[PDB]
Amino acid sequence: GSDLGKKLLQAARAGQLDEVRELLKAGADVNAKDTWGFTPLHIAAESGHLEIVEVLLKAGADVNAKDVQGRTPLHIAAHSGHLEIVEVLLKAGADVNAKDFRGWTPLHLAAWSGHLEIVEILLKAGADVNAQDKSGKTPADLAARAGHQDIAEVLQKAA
C-alpha cells in the first residue's frame, strides 16, 4: 500500500530517522512522490537531515529524481545551503549540471543564495560555469545581481 509512501514522506519531513528505517523495512516505496514531485530524498535535502539522506541512498533512492519544477535533490540541497548533503549526493552520482524549469543548475542556485563553500565544491565536481539559464544568465550573473560579490569573483576567475 502507498499509505506507507505518505507515512515515509511525513517521517522524512519530521526528521524521524527511526521511523524512516522501520517504514523502509516494511516495504515503503523509497521513491514515493508527494503532490509537488518531492521524494523523501528531496525533503531530507531541504530540511538538512543528513542521516536520513544517507539511509535513503543506501535503500536505492533515485539521486536524480525530478520534482514538478525539474529540481533534483542536488538543486534542493545546493539552494538550501546544506554542504555535507551536497557532497553526499555528488558521491552517490548526482548530475552536477542538471537543469530545472528555469534552466537553473545547482551552481546557479548556490550562487543566487550566497552559498560560497557549495559553489567551490560544485566547481571541483565539474559544474559548468558558463551554463546559461532560459533568460541567458550565468551563475556569475546571478551572484552579481544578488550582491554576492565574493562568489561573483570566484566564478569570473573560474571562467
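Start at 1 with the first residue shown and count on from there.
Problem - Mean Cα B-factor comparison, 117 to 125 or 104 to 112, giving the higher one as deposited - result: Comparing 104 to 112 with 117 to 125, the higher average CA B-factor belongs to 117 to 125.
Exercise for the section: Output the stretch having the higher mean C-alpha B factor in the entry; the candidates are 142 to 150 and 16 to 24. Expected result: Between 16 to 24 and 142 to 150, it is 16 to 24 that shows the higher mean C-alpha B-factor.
Handout entry: Chain-wide C-alpha B factor ranking for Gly60, given as lowest, middle or highest third
Key = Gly60: CA B-factor falls in the highest third of its chain.
Handout entry: Chain third (lowest, middle, highest) by recorded CA B-factor, residue given as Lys91
Key = CA B-factor rank for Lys91: highest third.
Handout entry: B-factor third for the C-alpha atom of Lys99 within its chain
Key = CA B-factor rank for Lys99: middle third.
Practice task
State the tercile, meaning the lowest, middle or highest third, of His42 with respect to the CA B-factors recorded for its chain.
Solution key: Lowest third, going by the recorded CA B-factors of the chain.
Problem - Ranked C-alpha temperature factor of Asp133 among modelled chain residues, by third - result: Tercile = middle for this residue's CA B-factor.
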